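Q: Sharing target14.pdb (PDB, C-alpha atoms and all ligand atoms) below.
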```
ATOM      1  CA  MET T   1      38.946 -25.931 156.670  1.00  0.00           C
ATOM      2  CA  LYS T   2      40.101 -27.767 159.792  1.00  0.00           C
ATOM      3  CA  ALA T   3      39.634 -31.193 161.308  1.00  0.00           C
ATOM      4  CA  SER T   4      37.953 -31.505 164.707  1.00  0.00           C
ATOM      5  CA  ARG T   5      38.299 -33.985 167.564  1.00  0.00           C
ATOM      6  CA  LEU T   6      35.284 -34.963 169.681  1.00  0.00           C
ATOM      7  CA  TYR T   7      35.168 -34.211 173.413  1.00  0.00           C
ATOM      8  CA  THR T   8      32.406 -34.297 176.014  1.00  0.00           C
ATOM      9  CA  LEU T   9      31.556 -32.076 178.960  1.00  0.00           C
ATOM     10  CA  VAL T  10      29.025 -32.991 181.666  1.00  0.00           C
ATOM     11  CA  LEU T  11      27.378 -30.648 184.175  1.00  0.00           C
ATOM     12  CA  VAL T  12      25.388 -32.098 187.064  1.00  0.00           C
ATOM     13  CA  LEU T  13      22.950 -29.201 187.534  1.00  0.00           C
ATOM     14  CA  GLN T  14      20.473 -29.417 190.424  1.00  0.00           C
ATOM     15  CA  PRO T  15      17.918 -26.757 191.494  1.00  0.00           C
ATOM     16  CA  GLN T  16      20.313 -24.911 193.822  1.00  0.00           C
ATOM     17  CA  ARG T  17      23.801 -26.204 193.055  1.00  0.00           C
ATOM     18  CA  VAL T  18      26.090 -27.468 190.316  1.00  0.00           C
ATOM     19  CA  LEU T  19      28.872 -30.033 190.567  1.00  0.00           C
ATOM     20  CA  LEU T  20      32.250 -28.929 189.227  1.00  0.00           C
ATOM     21  CA  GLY T  21      35.695 -30.468 189.487  1.00  0.00           C
ATOM     22  CA  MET T  22      39.041 -28.814 189.998  1.00  0.00           C
ATOM     23  CA  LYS T  23      41.240 -30.106 187.196  1.00  0.00           C
ATOM     24  CA  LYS T  24      44.383 -31.441 188.854  1.00  0.00           C
ATOM     25  CA  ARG T  25      46.558 -31.884 185.745  1.00  0.00           C
ATOM     26  CA  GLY T  26      46.398 -31.819 181.964  1.00  0.00           C
ATOM     27  CA  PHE T  27      44.327 -29.553 179.761  1.00  0.00           C
ATOM     28  CA  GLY T  28      42.641 -26.782 181.710  1.00  0.00           C
ATOM     29  CA  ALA T  29      44.474 -27.695 184.928  1.00  0.00           C
ATOM     30  CA  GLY T  30      43.697 -25.272 187.746  1.00  0.00           C
ATOM     31  CA  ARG T  31      40.202 -24.435 186.506  1.00  0.00           C
ATOM     32  CA  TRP T  32      36.891 -25.679 187.811  1.00  0.00           C
ATOM     33  CA  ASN T  33      34.947 -27.459 185.089  1.00  0.00           C
ATOM     34  CA  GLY T  34      32.418 -30.122 184.318  1.00  0.00           C
ATOM     35  CA  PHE T  35      33.647 -33.668 183.684  1.00  0.00           C
ATOM     36  CA  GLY T  36      34.617 -35.013 180.305  1.00  0.00           C
ATOM     37  CA  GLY T  37      37.220 -35.947 177.780  1.00  0.00           C
ATOM     38  CA  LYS T  38      37.898 -37.454 174.389  1.00  0.00           C
ATOM     39  CA  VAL T  39      35.197 -39.592 172.776  1.00  0.00           C
ATOM     40  CA  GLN T  40      36.476 -43.081 171.946  1.00  0.00           C
ATOM     41  CA  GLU T  41      35.920 -45.128 168.809  1.00  0.00           C
ATOM     42  CA  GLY T  42      32.627 -47.004 168.729  1.00  0.00           C
ATOM     43  CA  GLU T  43      30.775 -45.302 171.607  1.00  0.00           C
ATOM     44  CA  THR T  44      28.040 -42.761 171.065  1.00  0.00           C
ATOM     45  CA  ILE T  45      28.871 -39.236 172.174  1.00  0.00           C
ATOM     46  CA  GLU T  46      26.319 -39.558 174.995  1.00  0.00           C
ATOM     47  CA  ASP T  47      27.882 -42.812 176.166  1.00  0.00           C
ATOM     48  CA  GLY T  48      31.358 -41.289 176.093  1.00  0.00           C
ATOM     49  CA  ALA T  49      29.995 -38.475 178.264  1.00  0.00           C
ATOM     50  CA  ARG T  50      28.544 -41.019 180.716  1.00  0.00           C
ATOM     51  CA  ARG T  51      31.862 -42.888 180.777  1.00  0.00           C
ATOM     52  CA  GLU T  52      33.907 -39.754 181.471  1.00  0.00           C
ATOM     53  CA  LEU T  53      31.543 -38.680 184.231  1.00  0.00           C
ATOM     54  CA  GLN T  54      32.028 -42.035 185.922  1.00  0.00           C
ATOM     55  CA  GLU T  55      35.801 -42.092 185.458  1.00  0.00           C
ATOM     56  CA  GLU T  56      36.426 -38.522 186.654  1.00  0.00           C
ATOM     57  CA  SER T  57      33.723 -38.064 189.306  1.00  0.00           C
ATOM     58  CA  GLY T  58      32.654 -41.591 190.303  1.00  0.00           C
ATOM     59  CA  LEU T  59      29.030 -40.825 189.420  1.00  0.00           C
ATOM     60  CA  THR T  60      27.050 -43.320 187.350  1.00  0.00           C
ATOM     61  CA  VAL T  61      24.011 -41.931 185.535  1.00  0.00           C
ATOM     62  CA  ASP T  62      21.669 -43.759 183.181  1.00  0.00           C
ATOM     63  CA  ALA T  63      20.997 -40.849 180.828  1.00  0.00           C
ATOM     64  CA  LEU T  64      22.388 -37.446 179.938  1.00  0.00           C
ATOM     65  CA  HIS T  65      20.691 -34.677 177.973  1.00  0.00           C
ATOM     66  CA  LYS T  66      22.533 -32.721 175.322  1.00  0.00           C
ATOM     67  CA  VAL T  67      22.361 -28.982 175.964  1.00  0.00           C
ATOM     68  CA  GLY T  68      25.020 -27.461 173.727  1.00  0.00           C
ATOM     69  CA  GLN T  69      27.988 -27.742 171.436  1.00  0.00           C
ATOM     70  CA  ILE T  70      31.077 -25.537 171.633  1.00  0.00           C
ATOM     71  CA  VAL T  71      33.954 -25.524 169.142  1.00  0.00           C
ATOM     72  CA  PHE T  72      37.358 -24.353 170.429  1.00  0.00           C
ATOM     73  CA  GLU T  73      40.227 -23.183 168.265  1.00  0.00           C
ATOM     74  CA  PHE T  74      43.702 -22.360 169.588  1.00  0.00           C
ATOM     75  CA  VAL T  75      46.325 -20.245 167.856  1.00  0.00           C
ATOM     76  CA  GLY T  76      49.027 -22.633 166.636  1.00  0.00           C
ATOM     77  CA  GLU T  77      46.828 -25.763 166.890  1.00  0.00           C
ATOM     78  CA  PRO T  78      45.393 -26.995 163.554  1.00  0.00           C
ATOM     79  CA  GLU T  79      42.847 -29.308 165.204  1.00  0.00           C
ATOM     80  CA  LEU T  80      39.584 -27.930 166.588  1.00  0.00           C
ATOM     81  CA  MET T  81      38.048 -29.250 169.817  1.00  0.00           C
ATOM     82  CA  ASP T  82      34.375 -30.092 169.239  1.00  0.00           C
ATOM     83  CA  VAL T  83      32.866 -30.213 172.733  1.00  0.00           C
ATOM     84  CA  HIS T  84      29.415 -31.736 173.211  1.00  0.00           C
ATOM     85  CA  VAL T  85      27.873 -30.462 176.457  1.00  0.00           C
ATOM     86  CA  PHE T  86      25.433 -32.545 178.501  1.00  0.00           C
ATOM     87  CA  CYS T  87      23.481 -32.059 181.698  1.00  0.00           C
ATOM     88  CA  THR T  88      21.551 -34.073 184.160  1.00  0.00           C
ATOM     89  CA  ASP T  89      19.847 -33.232 187.426  1.00  0.00           C
ATOM     90  CA  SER T  90      19.551 -36.856 188.526  1.00  0.00           C
ATOM     91  CA  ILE T  91      22.274 -38.660 190.471  1.00  0.00           C
ATOM     92  CA  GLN T  92      22.298 -41.443 193.042  1.00  0.00           C
ATOM     93  CA  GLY T  93      25.805 -41.748 194.490  1.00  0.00           C
ATOM     94  CA  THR T  94      28.528 -39.420 195.891  1.00  0.00           C
ATOM     95  CA  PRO T  95      31.289 -37.835 193.816  1.00  0.00           C
ATOM     96  CA  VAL T  96      34.811 -39.039 194.525  1.00  0.00           C
ATOM     97  CA  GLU T  97      38.152 -37.435 193.788  1.00  0.00           C
ATOM     98  CA  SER T  98      39.992 -38.986 190.800  1.00  0.00           C
ATOM     99  CA  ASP T  99      43.486 -38.394 189.440  1.00  0.00           C
ATOM    100  CA  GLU T 100      41.958 -35.903 187.010  1.00  0.00           C
ATOM    101  CA  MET T 101      39.456 -34.024 189.170  1.00  0.00           C
ATOM    102  CA  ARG T 102      38.491 -32.992 192.687  1.00  0.00           C
ATOM    103  CA  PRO T 103      34.679 -32.621 192.662  1.00  0.00           C
ATOM    104  CA  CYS T 104      33.002 -29.853 194.640  1.00  0.00           C
ATOM    105  CA  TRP T 105      29.433 -28.545 194.738  1.00  0.00           C
ATOM    106  CA  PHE T 106      28.801 -24.834 194.175  1.00  0.00           C
ATOM    107  CA  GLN T 107      25.665 -22.919 195.009  1.00  0.00           C
ATOM    108  CA  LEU T 108      24.161 -21.240 191.944  1.00  0.00           C
ATOM    109  CA  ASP T 109      24.923 -17.760 193.305  1.00  0.00           C
ATOM    110  CA  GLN T 110      28.607 -18.714 193.707  1.00  0.00           C
ATOM    111  CA  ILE T 111      29.567 -20.017 190.273  1.00  0.00           C
ATOM    112  CA  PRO T 112      33.400 -19.647 190.305  1.00  0.00           C
ATOM    113  CA  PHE T 113      33.696 -17.892 186.939  1.00  0.00           C
ATOM    114  CA  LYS T 114      37.080 -16.308 187.616  1.00  0.00           C
ATOM    115  CA  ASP T 115      38.519 -19.797 188.096  1.00  0.00           C
ATOM    116  CA  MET T 116      36.798 -21.325 185.037  1.00  0.00           C
ATOM    117  CA  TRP T 117      37.717 -21.137 181.372  1.00  0.00           C
ATOM    118  CA  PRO T 118      36.993 -17.534 180.268  1.00  0.00           C
ATOM    119  CA  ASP T 119      34.440 -18.621 177.680  1.00  0.00           C
ATOM    120  CA  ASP T 120      32.250 -20.208 180.364  1.00  0.00           C
ATOM    121  CA  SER T 121      31.130 -16.730 181.435  1.00  0.00           C
ATOM    122  CA  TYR T 122      29.297 -16.478 178.096  1.00  0.00           C
ATOM    123  CA  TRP T 123      27.630 -19.874 177.682  1.00  0.00           C
ATOM    124  CA  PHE T 124      27.197 -21.121 181.265  1.00  0.00           C
ATOM    125  CA  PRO T 125      24.396 -18.584 181.911  1.00  0.00           C
ATOM    126  CA  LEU T 126      22.460 -20.160 179.014  1.00  0.00           C
ATOM    127  CA  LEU T 127      22.975 -23.605 180.554  1.00  0.00           C
ATOM    128  CA  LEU T 128      21.643 -22.240 183.868  1.00  0.00           C
ATOM    129  CA  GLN T 129      18.551 -20.902 182.086  1.00  0.00           C
ATOM    130  CA  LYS T 130      18.006 -24.377 180.586  1.00  0.00           C
ATOM    131  CA  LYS T 131      18.539 -22.998 177.095  1.00  0.00           C
ATOM    132  CA  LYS T 132      20.359 -24.826 174.325  1.00  0.00           C
ATOM    133  CA  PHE T 133      23.324 -23.266 172.571  1.00  0.00           C
ATOM    134  CA  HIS T 134      26.032 -23.420 169.926  1.00  0.00           C
ATOM    135  CA  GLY T 135      29.298 -21.595 170.483  1.00  0.00           C
ATOM    136  CA  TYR T 136      32.734 -21.100 168.972  1.00  0.00           C
ATOM    137  CA  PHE T 137      35.753 -19.555 170.732  1.00  0.00           C
ATOM    138  CA  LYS T 138      39.244 -18.850 169.389  1.00  0.00           C
ATOM    139  CA  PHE T 139      41.928 -18.605 172.067  1.00  0.00           C
ATOM    140  CA  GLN T 140      45.453 -17.242 172.152  1.00  0.00           C
ATOM    141  CA  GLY T 141      46.893 -19.467 174.853  1.00  0.00           C
ATOM    142  CA  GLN T 142      44.777 -20.230 177.910  1.00  0.00           C
ATOM    143  CA  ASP T 143      43.415 -16.802 178.786  1.00  0.00           C
ATOM    144  CA  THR T 144      42.680 -14.609 175.772  1.00  0.00           C
ATOM    145  CA  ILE T 145      39.679 -14.884 173.434  1.00  0.00           C
ATOM    146  CA  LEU T 146      40.364 -13.388 169.984  1.00  0.00           C
ATOM    147  CA  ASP T 147      37.026 -14.197 168.344  1.00  0.00           C
ATOM    148  CA  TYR T 148      33.827 -15.958 169.392  1.00  0.00           C
ATOM    149  CA  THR T 149      30.237 -16.655 168.408  1.00  0.00           C
ATOM    150  CA  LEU T 150      27.390 -17.746 170.654  1.00  0.00           C
ATOM    151  CA  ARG T 151      23.795 -18.450 169.742  1.00  0.00           C
ATOM    152  CA  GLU T 152      20.788 -19.889 171.439  1.00  0.00           C
ATOM    153  CA  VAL T 153      19.276 -22.735 169.406  1.00  0.00           C
ATOM    154  CA  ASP T 154      16.105 -24.776 169.636  1.00  0.00           C
ATOM    155  CA  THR T 155      17.852 -28.033 168.653  1.00  0.00           C
ATOM    156  CA  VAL T 156      21.472 -28.828 169.467  1.00  0.00           C
TER     157      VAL T 156
HETATM  158  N1  LIG T 201      34.102 -25.400 180.370  1.00  0.00           N
HETATM  159  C1  LIG T 201      35.000 -25.572 179.401  1.00  0.00           C
HETATM  160  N2  LIG T 201      35.427 -26.811 179.090  1.00  0.00           N
HETATM  161  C2  LIG T 201      36.336 -26.947 178.101  1.00  0.00           C
HETATM  162  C3  LIG T 201      36.868 -25.872 177.402  1.00  0.00           C
HETATM  163  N3  LIG T 201      37.757 -26.384 176.479  1.00  0.00           N
HETATM  164  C4  LIG T 201      37.764 -27.732 176.630  1.00  0.00           C
HETATM  165  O1  LIG T 201      38.423 -28.546 175.978  1.00  0.00           O
HETATM  166  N4  LIG T 201      36.873 -28.080 177.595  1.00  0.00           N
HETATM  167  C5  LIG T 201      36.599 -29.418 178.156  1.00  0.00           C
HETATM  168  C6  LIG T 201      36.256 -30.528 177.193  1.00  0.00           C
HETATM  169  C7  LIG T 201      36.731 -31.732 177.992  1.00  0.00           C
HETATM  170  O2  LIG T 201      35.795 -31.997 179.049  1.00  0.00           O
HETATM  171  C8  LIG T 201      38.032 -31.223 178.590  1.00  0.00           C
HETATM  172  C9  LIG T 201      39.248 -31.456 177.693  1.00  0.00           C
HETATM  173  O3  LIG T 201      39.457 -32.851 177.576  1.00  0.00           O
HETATM  174  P1  LIG T 201      40.639 -33.498 178.439  1.00  0.00           P
HETATM  175  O4  LIG T 201      41.971 -32.976 177.998  1.00  0.00           O
HETATM  176  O5  LIG T 201      40.299 -33.429 179.906  1.00  0.00           O
HETATM  177  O6  LIG T 201      40.409 -34.994 177.876  1.00  0.00           O
HETATM  178  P2  LIG T 201      40.832 -36.417 178.515  1.00  0.00           P
HETATM  179  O7  LIG T 201      40.165 -36.604 179.844  1.00  0.00           O
HETATM  180  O8  LIG T 201      40.522 -37.373 177.406  1.00  0.00           O
HETATM  181  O9  LIG T 201      42.409 -36.135 178.678  1.00  0.00           O
HETATM  182  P3  LIG T 201      43.575 -37.003 179.369  1.00  0.00           P
HETATM  183  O10 LIG T 201      42.982 -37.655 180.596  1.00  0.00           O
HETATM  184  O11 LIG T 201      43.935 -37.953 178.252  1.00  0.00           O
HETATM  185  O12 LIG T 201      44.645 -35.963 179.631  1.00  0.00           O
HETATM  186  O13 LIG T 201      37.840 -29.815 178.773  1.00  0.00           O
HETATM  187  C10 LIG T 201      36.429 -24.580 177.737  1.00  0.00           C
HETATM  188  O14 LIG T 201      36.846 -23.544 177.208  1.00  0.00           O
HETATM  189  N5  LIG T 201      35.481 -24.460 178.727  1.00  0.00           N
HETATM  190 NA    NA T 202      38.991 -38.218 181.157  1.00  0.00          NA
HETATM  191 NA    NA T 203      39.216 -34.953 181.213  1.00  0.00          NA
END
```
Would you write the structure of this file as structure tokens?
Ligand SMILES: Nc1nc2c([nH]c(=O)n2[C@H]2C[C@H](O)[C@@H](COP(=O)(O)OP(=O)(O)OP(=O)(O)O)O2)c(=O)[nH]1
Ligand code: NA
Ligand code: NA
A:
Amino acid sequence: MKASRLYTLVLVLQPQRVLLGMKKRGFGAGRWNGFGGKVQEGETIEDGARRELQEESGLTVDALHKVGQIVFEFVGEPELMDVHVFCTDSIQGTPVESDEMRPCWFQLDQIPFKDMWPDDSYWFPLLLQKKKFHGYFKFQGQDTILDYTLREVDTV
């Protein structure tokens, strides 16, 4: 048995495009991703997701919808990363580059999988189909998946 730390991940998914950010430093640097980070004490997971979206992309949204949960394990790290994944289609300002992230829109036939975390190839298609999911991925380093599980669920 392992302990887990809470993280959020937010995808702004519109009918023809999705907003990603190029991570400029830190964990996952060099990969396009949604926006997110560690949940803080006292806030709900959804509110931590809203906060991270604002801090990293400049976008302020009233509500997010939970679409999945993914647990990450790394060889040599005792602590699991419990990532709660949220979407919205509804925004009302422009993204702005932060120290963490350079936002960029991608058309939905140009999802930059080769420059995303390798596990995203498995679960992101479910997100695009508006399905809900639970996943688990064990990584050796940044690139290599040793074990994983992915399941569609009716309730996250
Ligand atoms: N798409 C995708 N996202 C992931 C994976 N693993 C993983 O931690 N994430 C997300 C969850 C968080 O949004 C982010 C990791 O949190 P972070 O290190 O950016 O947290 P933070 O903003 O609190 O960090 P910092 O500013 O203190 O350095 O990456 C993955 O394999 N695929
Ligand atoms: Na952050
Ligand atoms: Na972050």
Q: Using all atoms listed in the file, which residues sit within 6 Å of region 20-25 of chain T once same-chain residues fewer than 6 positions away are excluded, as a list in words?
A: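 After dropping sequence-adjacent residues, the list is residues 31, 32, 33, 34, 100, 101, 102, 103 and 104 of chain T.
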Q: Could those residues be written to a file, using C-alpha atoms, as a compact mmCIF listing (two decimals), in the frame of the given file?
A:
```
# COMPACT_ATOMS: atom_id res chain seq x y z
CA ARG T 31 40.20 -24.44 186.51
CA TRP T 32 36.89 -25.68 187.81
CA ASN T 33 34.95 -27.46 185.09
CA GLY T 34 32.42 -30.12 184.32
CA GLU T 100 41.96 -35.90 187.01
CA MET T 101 39.46 -34.02 189.17
CA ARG T 102 38.49 -32.99 192.69
CA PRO T 103 34.68 -32.62 192.66
CA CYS T 104 33.00 -29.85 194.64
```
Q: For the interface of chain T with ligand NA 203 (chain T) (cut-off 7 Å, counting all atoms listed in the file), please tabulate each contacting residue of chain T alongside its nearest pair of atoms and their separation in Å to one decimal, rows sorted by chain and increasing number, as JSON lines.
A:
```
{"residue": "T:35", "atom": "CA", "partner": "T:NA203", "partner_atom": "NA", "distance": 6.2}
{"residue": "T:36", "atom": "CA", "partner": "T:NA203", "partner_atom": "NA", "distance": 4.7}
{"residue": "T:37", "atom": "CA", "partner": "T:NA203", "partner_atom": "NA", "distance": 4.1}
{"residue": "T:100", "atom": "CA", "partner": "T:NA203", "partner_atom": "NA", "distance": 6.5}
```
Q: Please measure the separation of CA of residue 68 (chain T) and CA of residue 155 (chain T), giving the value in Å to one decimal.
A: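 Going from CA of residue 68 (chain T) over to CA of residue 155 (chain T) covers 8.8 Å.
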Q: Tell me, as a PyMOL selection string, which residues lie within 9 Å of region 136-139 of chain T, counting all atoms listed in the file; anything in the same chain fewer than 5 positions away does not count.
A: chain T and resi 69-75+119+144-150
Q: Using all atoms listed in the file, collect all residues at a distance of at most 12 Å from (15.2, -24.9, 184.9) as written in the file, then present them as a PDB file with C-alpha atoms, in the coordinates of the input.
A:
```pdb
ATOM      1  CA  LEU T  13      22.950 -29.201 187.534  1.00  0.00           C
ATOM      2  CA  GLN T  14      20.473 -29.417 190.424  1.00  0.00           C
ATOM      3  CA  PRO T  15      17.918 -26.757 191.494  1.00  0.00           C
ATOM      4  CA  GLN T  16      20.313 -24.911 193.822  1.00  0.00           C
ATOM      5  CA  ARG T  17      23.801 -26.204 193.055  1.00  0.00           C
ATOM      6  CA  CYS T  87      23.481 -32.059 181.698  1.00  0.00           C
ATOM      7  CA  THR T  88      21.551 -34.073 184.160  1.00  0.00           C
ATOM      8  CA  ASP T  89      19.847 -33.232 187.426  1.00  0.00           C
ATOM      9  CA  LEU T 108      24.161 -21.240 191.944  1.00  0.00           C
ATOM     10  CA  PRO T 125      24.396 -18.584 181.911  1.00  0.00           C
ATOM     11  CA  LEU T 126      22.460 -20.160 179.014  1.00  0.00           C
ATOM     12  CA  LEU T 127      22.975 -23.605 180.554  1.00  0.00           C
ATOM     13  CA  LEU T 128      21.643 -22.240 183.868  1.00  0.00           C
ATOM     14  CA  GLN T 129      18.551 -20.902 182.086  1.00  0.00           C
ATOM     15  CA  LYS T 130      18.006 -24.377 180.586  1.00  0.00           C
ATOM     16  CA  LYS T 131      18.539 -22.998 177.095  1.00  0.00           C
ATOM     17  CA  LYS T 132      20.359 -24.826 174.325  1.00  0.00           C
TER      18      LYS T 132
END
```
Q: Name the closest residue to ligand LIG 201 (chain T) among the candidates T:84, T:38, T:50, T:134; distances are taken between atoms, counting all atoms listed in the file.
A: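 Among the listed residues, T:38 lies closest to ligand LIG 201 (chain T).
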Q: Which residues form the shell of 10 Å around ligand NA 202 (chain T) when you count only C-alpha atoms and all ligand atoms, given as a PDB file with C-alpha atoms, keeping the file's coordinate frame?
A:
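The resulting file, part-v7.pdb, is shown below:
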```pdb
ATOM      1  CA  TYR T   7      35.168 -34.211 173.413  1.00  0.00           C
ATOM      2  CA  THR T   8      32.406 -34.297 176.014  1.00  0.00           C
ATOM      3  CA  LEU T   9      31.556 -32.076 178.960  1.00  0.00           C
ATOM      4  CA  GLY T  26      46.398 -31.819 181.964  1.00  0.00           C
ATOM      5  CA  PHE T  35      33.647 -33.668 183.684  1.00  0.00           C
ATOM      6  CA  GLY T  36      34.617 -35.013 180.305  1.00  0.00           C
ATOM      7  CA  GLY T  37      37.220 -35.947 177.780  1.00  0.00           C
ATOM      8  CA  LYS T  38      37.898 -37.454 174.389  1.00  0.00           C
ATOM      9  CA  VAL T  39      35.197 -39.592 172.776  1.00  0.00           C
ATOM     10  CA  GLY T  48      31.358 -41.289 176.093  1.00  0.00           C
ATOM     11  CA  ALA T  49      29.995 -38.475 178.264  1.00  0.00           C
ATOM     12  CA  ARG T  51      31.862 -42.888 180.777  1.00  0.00           C
ATOM     13  CA  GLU T  52      33.907 -39.754 181.471  1.00  0.00           C
ATOM     14  CA  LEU T  53      31.543 -38.680 184.231  1.00  0.00           C
ATOM     15  CA  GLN T  54      32.028 -42.035 185.922  1.00  0.00           C
ATOM     16  CA  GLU T  55      35.801 -42.092 185.458  1.00  0.00           C
ATOM     17  CA  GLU T  56      36.426 -38.522 186.654  1.00  0.00           C
ATOM     18  CA  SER T  57      33.723 -38.064 189.306  1.00  0.00           C
ATOM     19  CA  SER T  98      39.992 -38.986 190.800  1.00  0.00           C
ATOM     20  CA  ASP T  99      43.486 -38.394 189.440  1.00  0.00           C
ATOM     21  CA  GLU T 100      41.958 -35.903 187.010  1.00  0.00           C
ATOM     22  CA  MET T 101      39.456 -34.024 189.170  1.00  0.00           C
TER      23      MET T 101
END
```
Q: Can you list what the PyMOL selection byres (((chain T and resi 94) around 12) and not hetatm) grabs from this structure, as a list in words?
A: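 Selected by the PyMOL selection byres (((chain T and resi 94) around 12) and not hetatm) in this file: residues 12, 19, 54, 57, 58, 59, 60, 61, 90, 91, 92, 93, 95, 96, 97, 103, 104 and 105 of chain T.
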Q: Please, what distance in Å, to one decimal, runs between CA of residue 156 (chain T) and atom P3 of ligand LIG 201 (chain T)?
A: 25.6 Å
Q: Could you jot down the CA of residue 111 (chain T) to CA of residue 18 (chain T) separation for me, Å, one decimal place?
A: 8.2 Å
Q: Return the single residue from T:41, T:141, T:28, T:64 that is closest to ligand LIG 201 (chain T), with distances computed using only C-alpha atoms and all ligand atoms.
A: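 Nearest to ligand LIG 201 (chain T): T:28.
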Q: Report as lines of an AutoDock Vina configuration file the centre and the edge lengths, in Å to one decimal, of the axis-aligned box holding every listed atom of ligand LIG 201 (chain T), padded by 6 Å on each side.
A:
```
center_x = 39.4
center_y = -30.7
center_z = 178.3
size_x = 22.5
size_y = 26.4
size_z = 16.6
```
Q: Writing N, CA and C atoms and nothing else, produce region 36-54 of chain T as a compact mmCIF listing (two decimals), in the first residue's frame.
A:
```txt
# COMPACT_ATOMS: atom_id res chain seq x y z
N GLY T 36 -3.00 22.39 -14.48
CA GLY T 36 -3.30 21.79 -13.19
C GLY T 36 -2.09 21.71 -12.30
N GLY T 37 -2.33 21.17 -11.11
CA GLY T 37 -1.28 21.09 -10.12
C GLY T 37 -1.80 20.53 -8.83
N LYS T 38 -1.01 20.71 -7.77
CA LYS T 38 -1.34 20.10 -6.48
C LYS T 38 -2.58 20.75 -5.87
N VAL T 39 -3.50 19.93 -5.36
CA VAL T 39 -4.61 20.45 -4.56
C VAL T 39 -4.07 20.94 -3.23
N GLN T 40 -4.60 22.07 -2.76
CA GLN T 40 -4.20 22.66 -1.49
C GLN T 40 -5.19 22.33 -0.38
N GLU T 41 -4.71 22.45 0.86
CA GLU T 41 -5.55 22.14 2.01
C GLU T 41 -6.76 23.06 2.04
N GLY T 42 -7.94 22.48 2.29
CA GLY T 42 -9.15 23.23 2.47
C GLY T 42 -10.03 23.37 1.24
N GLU T 43 -9.45 23.46 0.04
CA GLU T 43 -10.24 23.64 -1.16
C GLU T 43 -10.78 22.29 -1.64
N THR T 44 -11.96 22.32 -2.25
CA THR T 44 -12.42 21.13 -2.94
C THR T 44 -11.51 20.85 -4.14
N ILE T 45 -11.53 19.60 -4.60
CA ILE T 45 -10.74 19.24 -5.77
C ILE T 45 -11.17 20.08 -6.97
N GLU T 46 -12.48 20.28 -7.15
CA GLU T 46 -12.95 21.09 -8.27
C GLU T 46 -12.45 22.53 -8.16
N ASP T 47 -12.46 23.08 -6.95
CA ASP T 47 -11.98 24.45 -6.79
C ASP T 47 -10.47 24.56 -6.98
N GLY T 48 -9.71 23.53 -6.59
CA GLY T 48 -8.29 23.55 -6.89
C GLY T 48 -8.04 23.50 -8.38
N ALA T 49 -8.88 22.77 -9.12
CA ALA T 49 -8.76 22.70 -10.57
C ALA T 49 -9.06 24.07 -11.19
N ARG T 50 -10.11 24.74 -10.70
CA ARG T 50 -10.42 26.09 -11.18
C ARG T 50 -9.27 27.05 -10.88
N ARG T 51 -8.69 26.95 -9.69
CA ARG T 51 -7.59 27.83 -9.32
C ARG T 51 -6.38 27.62 -10.23
N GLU T 52 -6.01 26.36 -10.47
CA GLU T 52 -4.86 26.08 -11.31
C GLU T 52 -5.09 26.55 -12.73
N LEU T 53 -6.31 26.36 -13.24
CA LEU T 53 -6.59 26.85 -14.59
C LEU T 53 -6.36 28.35 -14.67
N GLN T 54 -6.81 29.08 -13.65
CA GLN T 54 -6.63 30.52 -13.68
C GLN T 54 -5.16 30.89 -13.57
```
